[PDB]
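> This one's a deposited entry, sequence included:
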Amino acid sequence: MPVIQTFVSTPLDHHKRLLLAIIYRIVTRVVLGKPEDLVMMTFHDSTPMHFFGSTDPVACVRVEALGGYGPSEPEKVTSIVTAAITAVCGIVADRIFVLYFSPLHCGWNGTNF
Amino acid sequence: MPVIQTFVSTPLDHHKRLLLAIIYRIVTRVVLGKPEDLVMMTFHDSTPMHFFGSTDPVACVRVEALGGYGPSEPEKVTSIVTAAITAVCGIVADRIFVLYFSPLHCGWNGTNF
Amino acid sequence: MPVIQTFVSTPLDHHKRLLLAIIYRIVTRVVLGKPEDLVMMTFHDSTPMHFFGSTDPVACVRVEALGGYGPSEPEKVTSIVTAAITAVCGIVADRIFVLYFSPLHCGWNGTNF
Amino acid sequence: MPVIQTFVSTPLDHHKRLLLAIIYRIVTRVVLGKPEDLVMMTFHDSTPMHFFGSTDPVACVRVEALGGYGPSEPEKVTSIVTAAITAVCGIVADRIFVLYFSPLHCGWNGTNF
Amino acid sequence: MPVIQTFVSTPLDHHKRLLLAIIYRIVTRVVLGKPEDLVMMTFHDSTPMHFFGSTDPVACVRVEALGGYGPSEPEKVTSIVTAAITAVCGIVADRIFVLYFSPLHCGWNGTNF
Amino acid sequence: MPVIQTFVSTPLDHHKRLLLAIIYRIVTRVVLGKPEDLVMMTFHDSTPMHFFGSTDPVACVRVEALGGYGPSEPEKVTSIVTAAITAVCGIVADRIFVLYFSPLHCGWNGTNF
Amino acid sequence: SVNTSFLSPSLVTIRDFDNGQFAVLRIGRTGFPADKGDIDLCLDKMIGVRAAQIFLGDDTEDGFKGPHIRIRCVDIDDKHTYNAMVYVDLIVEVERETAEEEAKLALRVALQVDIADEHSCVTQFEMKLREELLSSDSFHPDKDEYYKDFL
Amino acid sequence: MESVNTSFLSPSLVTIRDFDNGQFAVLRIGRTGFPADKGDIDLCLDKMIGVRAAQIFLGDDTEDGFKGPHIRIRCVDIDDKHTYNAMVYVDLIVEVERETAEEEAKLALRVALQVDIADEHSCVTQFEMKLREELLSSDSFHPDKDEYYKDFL
Amino acid sequence: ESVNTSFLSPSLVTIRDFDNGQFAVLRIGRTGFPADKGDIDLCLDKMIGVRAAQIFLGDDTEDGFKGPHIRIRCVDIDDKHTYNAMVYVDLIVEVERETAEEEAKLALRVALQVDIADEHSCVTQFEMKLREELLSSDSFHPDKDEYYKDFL
Amino acid sequence: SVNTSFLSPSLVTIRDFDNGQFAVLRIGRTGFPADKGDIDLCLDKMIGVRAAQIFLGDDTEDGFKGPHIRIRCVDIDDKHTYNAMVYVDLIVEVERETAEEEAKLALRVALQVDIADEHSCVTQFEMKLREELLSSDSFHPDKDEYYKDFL
Amino acid sequence: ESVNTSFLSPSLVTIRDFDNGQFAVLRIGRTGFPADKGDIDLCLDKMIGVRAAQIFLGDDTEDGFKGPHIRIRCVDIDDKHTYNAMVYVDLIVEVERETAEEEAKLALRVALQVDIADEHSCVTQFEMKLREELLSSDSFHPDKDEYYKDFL
Amino acid sequence: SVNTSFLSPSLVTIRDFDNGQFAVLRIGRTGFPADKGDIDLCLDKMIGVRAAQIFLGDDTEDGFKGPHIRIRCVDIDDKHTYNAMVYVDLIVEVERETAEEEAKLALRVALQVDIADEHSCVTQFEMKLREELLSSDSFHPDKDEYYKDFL
C-alpha cells in the first residue's frame, strides 16, 4: 500500500493531475510490483517553495511504501517520476526532489497490514 | 510528543475538525499512553486525491511518535481512526489510509526529547 | 540534500517566508554541513492546526536529510528553528514542533545519490 | 466634390457635429459654389493635440476640393469656419487651423471626375 | 511607397480589415506597379461622418503615392476600391469617396526617396 | 504654420506625446526655421495599421508646411523624426513613414497667410 | 462560422458559411496529420482567394457576370521545408485570356507565391479554366463535381 | 480553435483529432454497428490520455531527438452486443532492446487502459499492438502518419 | 456538443444529435449545391418532426419498446428551381402492420408538413420503407449502421 | 518613479529612475524653500533637455557615439520676478563646434529661453564642454564628480 | 506627496510640509538614536501646534503680513532615559516687541504642551530666538535658508 | 515602510522602520548613479544580515545579551563586473572569538559571498568588532557615531 505525495509550485488542473495519477499507477504496478488500485496519491499545487536560491518552478515528490523497496527500483522510480513532472508540469529535472520513506505500520479498511 | 496529520478529500468545518481533535486526544491518552496536551494535529481538507481508480472521498492519516509504538497499539489506533473518519467525514472504511512513522529526533520548546 | 517543511497557523507573506528561507540556508551550511543551494524549503501558512487544547498560533517543522544527522546537530537545529519562528511569526516556543526524519533514498536531477 | 475633415481637442456630440455639418453645407453652396450634398465631412473629437506649448482646446480643419479654389474663396471659408468652431466648440480663434488641399483625382460612385 | 487611409462609418473587425488589406496589396502590385510590402494601410472605423444629407454608412479612401500616378490607373483603382468597400463594409457605391494625393517627399528607414 | 500628424499602432501616454511634442518644436525652430509656438501637432495612438505584411508596431508621420520646404530640410527632418519615434515608441526605423505636403492656403485666427 | 472535420489524419474538409467557401485541406506528399497551424494556414489562403475574387469584381451582387474564382483544395508539402500548393478553379476568347491573366496576378499577391507566408511558408498555386452559363439554374461556384479530384 | 475535433463519417464511425495532445483516434463500433454516443466518445478520449501516459512513461519524446520508442493510438473498437467492451489498437514504433521495449509498453498499456478490468465507464478493455521499425531522424516520419490508419479507414 | 455536424462533401452532411439520439444524412443530390446554414437548420427541423411522430406512435424510450420504430435516415433537398425536400424514413415493426404503416404515414404528413410550405419556405415530401426485426433482440437498434447504407 | 529629497530648504535632490536623470533643485539667489511648483518646474526642465538629447541622436542604444547632453542643476531666481537658470553639461574640433551650436539652439527651444514658461517663468541656461571616451568603462552621463559644483 | 521626509543621517531627518508651507528638522542629538515612525509623527504634531500658535498671534497667510512671524526651525528629542523633546522656534517681528514675545511664549506653552505629557507620552519644551527684519522686504521669508544653518 | 533619499547621485540613505535598520548605499569606486537594481540589492543584503542577527539569537526580546550584528553600509563596484561590498558591525575573550566566528560564517551564507547573487553580483563583506554594555542607556545597534565612516 504505497502513498505518493506530489508538491509543486505550479498550478495543477484536472488534466495534469490525472496524467500524473496514471503515471504513478503504472510505476506502482510495473516497477514497485504493487496493485495500481492500492496506491494513494495526493496533489499539492501552487505550493510556496524555495530551492537553489529561487522561487522558480520546483517539485518535491514523496514516496512511502511498507516493506521497503527493491534493489534497482528506486533508481527506476526516480527517473520516471522526474521525467513525468518535467513533461507534464514543465519543471526542470534539476529542480525535482524525490524522497523515499518506509512506515513502521500501514492501515487500510480499518485494519493494518 | 505524537503528531497526527489528517488528509481528507472532503471539506472540513469547525465541527468536524473539533470532533477529530478530541478523538486523537482520547487515542493519545488511552491507547498511546501519552499526554493529550502534547499531541499536535493538522488538518488538510479539500485535498486533490486519487485512490482505487477514483477521486471519490478518501482519507489519509499520518501518525508520528518518537520511541516507536506498543505491541497491540497500532491495530487499536487504526480501528478507532477509521471509524472516526467514517462517521465524521462520511468516508467509507475501504478508502482510509493510516500510516505510522517514527522520527529520529523530536523538538519542543527549543529542546529535543 | 535536506528538505525543510514549515507548517504554521499564522499567515505568511513575502518578508516572513524569505527570512525563514535564508535562516534555513544558514542552518544547512553552518550546522548541517550541506550546500545551501541544495536545501528545499516548503511553506504552509494558514494551516488548520490544533495543539495543547487550543487553535492558538502554532508551528510544525519537518527536517529530512539523507544519511541521518550529526551528534549535536539536531539539538542546534531545533534551538535555531524554534527561535526563528518565535521572532518571525510571533509563535511562542512552547507551541513549536521540530521533527527529524531520514529518507532511505533521495533523487535529484533524474538520478539518485 | 469637396472633403472637410474636422479635428478638435474638445468632445463632440450629436448637436455640435450636426451644427458644423449644416455650416459646412452652407459654406460649400454659398462660397465654394458646389452642391452641399456632394461634400463629405468627418469629425475627429477628443483628439490628443498640442499647440502653442499647451494642450488647451484646439481645432484643425482640413479642406480638400478638386480643381483648386477661387481667388477670394479661401479667405471667406476660413473666416466662417473659424467663427463656426469658436461658437460651437468654444475654442478660441487663435487656436484654430484651417488647411486647404487639392487632390489630383477624386472618385465617386466607382468613377472619377 | 503608397499610403492608403480608410475612413468608414461602419464598425470594422479583424476579418474586414484583413480583406481590405489584401485588396490594397493586389491593387498596389497589379495596378500601381509597386511592391505590396511597401504600401502602408490605416483603417479608421466607427468614424462620425456626414454625407449626402445623412449620417448613413459612408466611406472615404485616401491614396497617396510619390511620383504621381499612371494614365489609366486612377480609374482602375477607384473602381476596385469602391467595389471592395461595397462588398466588405456593405457601403453603397454612391457613398464612397476615393481621393488621390502626391507628396513632395517621402521618408522610410530614416532616409528619403 | 506647419502641421505634424503622428499615427502610431502603439498606445501613447502623457510622457510619450509630450516628448514628441517638444521634438517637433525643436525640429520646427532649428531645422524648419519656424516658430515652435505656431506648429500644430496631433497624435493618433492605438491606430489599426498594416505594413510589410504584418500588423507589427508601425508609425506614419505627416508634415505639412505652406510655401514648401528647403533643399536639405526634408532629409534632416526625416532623420530626426525617425530617430524620435524609434526611441520614444520603440518602433523600428524600417517601419516609419514621414510624408511631406504643401497646402495651397493656410488659415489661423480667422485669417489666411 | 467555420466547420472543419477530419476524414483522415492528412485529410480535412473546411466549410466557411460566412464567406460561402469550401476548401479541402490535404497533406498528400507526406501524409502528416493536419495541425492547428496547417488549418490556420488554409483559412488564410481562403480569405486570400476571396480577396482575388472581389478584386476581379464583386460577384455577390445580382447578375454576377463573373468571372468566378474559387478555392478547391490546399496541398501542403511538409517533408523538409514548409510549402503549400493551392488548387483554384476559374469559371468564366480574348476576354477569357484577359480574365485568366487578371486572376493569375491577383492570386500571386494574395497567396504570396514564391515568398515566405505568415506561417513561414513558400506558397504556389495551380488553376483550371471552366466555362458554364452564369444564369443557369444548375450552376454554383462550389458545385459537387468540382471537388471530385480531391475527394 | 477547438482542442478536440470529432466528426461522424458514419453512425458507427467517428474520427477524433486532438490538437493539444497531438493525437488522432478512430472511433468505431464494428461488432454491432450501433451509433457512437457521448459516452462512447468520452471513453475513447479516456483511452487516448491513457496511452499518452504510456508514452511519457516509456520516455518523454516531446523533446528534441526523440530516440523512442513511439507508442500511439490508431483506433478504438467498441463491442456493444451483450457486454460493454473496448478493443484498443496501438502502434509501437522503434533486437533485445526491441523485445524489452515491447514488454515495457505492453505492461504500461495494461495498467493505463485498465485491461480485463471494469473501467470508469463500466467497460472491460483489451488491446492489440503492432511493431513497426523506421528511422526516427528521418524527415518522412511521424507518430500518426496517414498510412498508419489505413486499416481502420 | 449536443449536435455534431460534419462535411464529407459540399453536398453531403452527416448530422448526429446526441440528446435526441438521432442521426440524419443531409444530402443535396439533385443539384450538388453546398449545404448552407439554412439547409442544415431545415434538416434539424425535420428530425424533431419525426421525433414527434415517434412519440405519437408510442413512447419507445421506456423499457420493452414494443414499437413500432420510426426514424429519419436522410434528407434530400431539391435546389434546382424551387426549394423542395424529400425525407427518407424507416419504419421498423399483418393487419396491425398495415395499421402501423397507415398511422405512421398520417403522422409524418402533419409533422413534416408534406405538400405545404415549411418554415423555411420549403415544400416537403417523404418516402418510407418497412422493416421487420425482433425488438428484444440484442443485435438491433433504431439507427443501425447498415440502415444508412443507401445514403452513405 | 521619482525620488526627491530635501538636503536643505533651498536644496533639493531629484532622481528620475525611468528617464535615468538626476537634477539638483536649488534656490541660491534668495534661499527660499522649494515649493511644489518649483519642483514641478524642475521636472519640466529635465524632460526638455531629455528631448534635446534624443533630438541630437538616440544615445540609449549601444555604441552611443554622442554627443551627451544632461542636466546638472536648476537655479531659481525668486527675488522679484520668477526666473530659472538651468545648468547643463554637453559631453562629446569643427564637429564639436557644430554639436555645441545644435545643442545650444535645441536647448533654447526646449527650455523656452527668454520666454514665459508654463509656470510663468523666464528661463535661461549655461553649458560647459567636456571631452571623454564614450567607449570607456569609467564613464557615465551622470557621474559623481559632475555634480561637485552644486553639492 | 503632501509630506516629503528624508534621512540625511539616522539621527537627522528633514521634513517638508508643502500644504502647511513648513519645514522642520527632526534630530536626536543627545543620544544619536535612529528616528522611528513615532518620532516623525511627534514632530508633525509639533509643527501643526506651532502652526496653531501662528494663526493665534494673527493670520499671516493673507497679504500684507504685519506679523509677528513664528515658525518651527527644529525638534530635538531626548531619548536617554525618559522621552523628552526640545523644540526650536524662531519668532520674527520695543514695548510691542516684548508684548509679542510674551504672547508667543504663552501660546507655545499651551500648543506644545510644555512641562506636560504629550500624546506620545513625552515631556516637551521649547526655545525661541528674536530676529528683526523688514516684512515687506523682497529678500525675506519665514523659512529662509540661513535660518536653518544652526541645525544643518 | 522604507524611506530612501539621495544625498548625492552615488550616495543613498535607506531607512527601514519595520525592521529598525539603516543602510547607506554608496557607489564609490565608479561614482555611477544608484539605479533601482542597486537599491533593491541593498535591501536584499539588509534582510540577509537581519537573518544573520536572529540566527545568532533573537535580540528583539528583553535583555538582549547579544551579540549585535548590523549593516552599516553597502559599497558597489560597477566598473567591469557587478560587485558589492557589505559593511557590518559586530557588537559584543574566547566567547568573543566564537561569536565573531559564527557571525562570519553566517554572513557568508546570507550575503552569498564569492557567489553570484540574485542580481548577478559577486558579494563580499567586511566586519568590525566593538565592545559596549548592552544594559547601558547610551547604546543602540544603529547609533549615530557608528555611521561616521560612510557619511
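Alright, I've got the coordinates. Numbering: from 1, shown residues only, chains lettered A, B, ... in the order given.
> who in chain G is up against chain F?
Residues of chain G lying close to chain F (C-beta under 8 Å from any C-beta of the partner chain) are G:112, G:118. In this view, the C-beta of every residue, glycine as well, is placed from N, C-alpha and C.
> Show me what from chain G comes close to chain I.
Checking chain G against chain I by C-beta under 8 Å from any C-beta, the hits are G:3, G:5, G:7, G:13, G:15, G:17, G:20, G:22, G:137-138, G:140, G:142-145, G:147, G:151.
> could you flag which of the residues you listed are buried?
Burial by neighbour count, 16 or more other C-beta atoms under 10 Å in any protein chain shown: within the residues of chain G next to chain I this picks out G:3, G:5, G:7, G:13, G:15, G:17, G:22, G:140, G:142-144, G:147, G:151.
> any idea which helix is longest in chain A?
Ranked by residue count and defined by DSSP state H, the top helix of chain A is helix A:73-88.
> can I have the helix or strand following it written out in CSV, keeping just the CAs?
Counting by DSSP states H and E, the next helix or strand C-terminal to helix A:73-88 is strand A:96-101. Extracted in CSV, the C-alpha atoms of strand A:96-101 (Å, rounded to 0.1, in the frame of the first residue of the first chain):
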residue,chain,number,x,y,z
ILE,A,96,12.9,18.0,-8.6
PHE,A,97,13.4,16.1,-5.3
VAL,A,98,12.2,12.5,-4.9
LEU,A,99,12.4,11.2,-1.3
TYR,A,100,11.7,7.6,-0.2
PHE,A,101,10.4,6.6,3.2
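> Tell me the strands beside the next helix or strand after strand A:96-101, with direction?
The helix or strand immediately downstream of strand A:96-101 is strand A:105-108, counting by DSSP H and E. Within its sheet, strand A:105-108 is paired with strand A:111-112 (antiparallel), strand B:96-101 (antiparallel), according to DSSP bridges.
> hmm, who's touching strand A:105-108?
For strand A:105-108, the external contacting residues (C-beta atoms under 8 Å, 6 or more residues apart in numbering or on different chains) are A:1, A:38, A:66, A:112-113, B:61, B:69, B:74, B:78, B:81-82, B:94, B:96-100.
> I'd like to know which elements the longest helix of chain A is packed against.
helix A:14-26, strand A:59-64, strand A:96-101, strand C:105-108, strand C:111-112, helix H:38-58 (3 or more C-beta pairs under 8 Å, 6 or more residues apart in numbering or on different chains; DSSP states H and E).
> could you redo the last one with a cut-off of 6 Å?
helix A:14-26, strand A:96-101 (3 or more C-beta pairs under 6 Å, 6 or more residues apart in numbering or on different chains; DSSP states H and E).
> Centre of the chain to that helix, how far?
Mean-position distance between helix A:73-88 and its chain equals 9 Å (C-alpha atoms, centre = their mean, to the nearest Å).
> got the buried residues for that helix?
A:73-88.
> repeat for stretch G:92-104
G:92, G:99, G:100, G:102, G:103, G:104.
> before we move on, back to that, of the contacts of strand A:105-108, buried ones?
A:1, A:38, A:66, A:112, B:61, B:69, B:74, B:78, B:81-82, B:96-100.
> Find the centremost residue of chain G, please.
residue G:71 (1.9 Å; C-alpha atoms, centre = their mean).
> mind listing what it touches?
G:23, G:46, G:49, G:88 (C-beta atoms under 6 Å, 6 or more residues apart in numbering or on different chains).
> how does it look with 10 Å?
G:14, G:16, G:21-24, G:42, G:45-50, G:52-53, G:86-89, G:111, G:125, G:142 (C-beta atoms under 10 Å, 6 or more residues apart in numbering or on different chains).
> I'd like to know how many residues surround residue 21.
Reading this off chain A. 22 (other C-beta atoms under 10 Å in any protein chain shown).
> switch to chain G, that's the one I care about
21.
> Kindly report the same for the one 4 residues further on.
Residues near residue G:25, counting by other C-beta under 10 Å, number 25.
> Just give the nearest non-adjacent residue to it, would you?
residue G:12 (3.7 Å; C-beta to C-beta, 6 or more residues apart in numbering or on different chains).
> ok, whichever residue of chain G sits closest to chain H - contacts?
With C-beta to the nearest C-beta as the measure, residue G:31 is the residue of chain G nearest to chain H, at 2.9 Å. Residue G:31 makes contact with G:8-11, G:78, H:140, H:142, H:144-150, according to C-beta under 10 Å, 6+ apart.
> and residue A:60, how far is that from residue J:11?
Using C-beta to C-beta, to the nearest Å, residue A:60 is found at 55 Å from residue J:11.
> Neighbour count for these two, which is higher?
residue A:60 (24 against 21).
> so who does that one touch?
A:5-9, A:44, A:47, A:49, A:51, A:85, A:95-99, C:3, C:5, C:40-42 are the contacts of residue A:60 under C-beta under 10 Å, 6+ apart.
> Confirm for me that residue A:70 is in contact with residue A:76.
Yes. Look at residue A:70 against residue A:76 with C-beta atoms under 10 Å: they come within range, at 8.7 Å.
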